[PDB]
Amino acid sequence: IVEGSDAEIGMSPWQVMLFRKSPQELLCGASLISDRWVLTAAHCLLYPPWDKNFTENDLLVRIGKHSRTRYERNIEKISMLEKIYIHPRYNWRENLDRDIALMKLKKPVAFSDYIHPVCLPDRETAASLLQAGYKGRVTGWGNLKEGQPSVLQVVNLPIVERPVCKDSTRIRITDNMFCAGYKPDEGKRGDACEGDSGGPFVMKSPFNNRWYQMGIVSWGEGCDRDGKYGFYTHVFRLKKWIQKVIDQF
């Protein structure tokens, strides 16, 4: 996260860290959506242009974390994966369209002050909250500039109008994405960056006071460049696939 702040303890209890077994390193962020399902970005697992293709056994998920590198004894939980599901029509060849993946945990995780699922948006929440100018929140342990933080970082960013997202890039934008960030002339900055991928873009409903995950940190060009924006996977647009995977497996 670039131009963000240290998160408070327990501020994002759904934040998950994707951790490589060997070499031991941070791969991506992710989010807890139930006691054994974790949502993340497909490109975190499968991206052939960089010879990236991880399987259930290459990975650990670490839940309830705050420090980036410490083993947070008695606080964090570490889980193994049972199965990984990548969207069938994830487009890694062109534009990272449908950049989304589900991960089923070997065993359900127990909730605590530091570990708690986020909600998935219903059609009406999405309709009401996904609007240009509204702000959402992004979190991650990713790079601080286009170097690495000691604790989880947070930044609030406004949703940007569709026409503006399109005119800022040569990449072909789809309905399964939205962009967010400040305009060059708005004075405030901030963006996700490398390592933040797979993390949640969340919003707090003014109606029921619950936090909903609206997007998944997907891609951008550099980090926090003027006239550029972060792009996020549109979670609701892909909810049918999410729901399908879950009640089948």
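Note that residue numbering follows the sequence shown and begins at 1.
Does the entry skip any residues of the deposited sequence between residue 175 and residue 176, and if so, is it 1 to 3, 4 to 9, or 10 or more, or none at all?
Nothing is missing between them.
Which is higher on average in the deposited entry, the C-alpha temperature factors of 31 to 39 or of 57 to 65?
Going by the record's values, the stretch with the higher mean is 57 to 65.
Out of 183 to 191 and 210 to 218, which one has CA B-factors that are higher on average in the deposited record?
Looking at the record's C-alpha B-factors, the answer is 183 to 191.
Taking the values straight from the PDB record, which of 114, 71, 92, 141 has the highest C-alpha temperature factor?
The C-alpha B-factor peaks, among 114, 71, 92, 141, at 71.
Test of reading the entry: by CA B factor among the chain's modelled residues, which third contains residue 229?
Middle third - that is where residue 229 ends up once the chain's C-alpha B-factors are sorted.
Lowest, middle or highest third: where is residue 201 by C-alpha B factor in its chain?
For residue 201, the deposited C-alpha B-factor lands in the lowest third.
Among all modelled residues of this chain, ranked by Cα B factor, put residue 163 in the bottom, middle or top third, i.e. lowest, middle or highest.
Middle third, going by the recorded CA B-factors of the chain.
Going by what the PDB entry lists, where does residue 103 fall on CA B-factor within its chain: lowest, middle or highest third?
It belongs to the middle third of the chain when residues are ordered by C-alpha B-factor.
Would you check the entry's CA temperature factor for residue 75 and let me know if it's in the chain's lowest, middle or highest third?
As the PDB entry reports it, the C-alpha B-factor of residue 75 lands in the lowest third of its chain.
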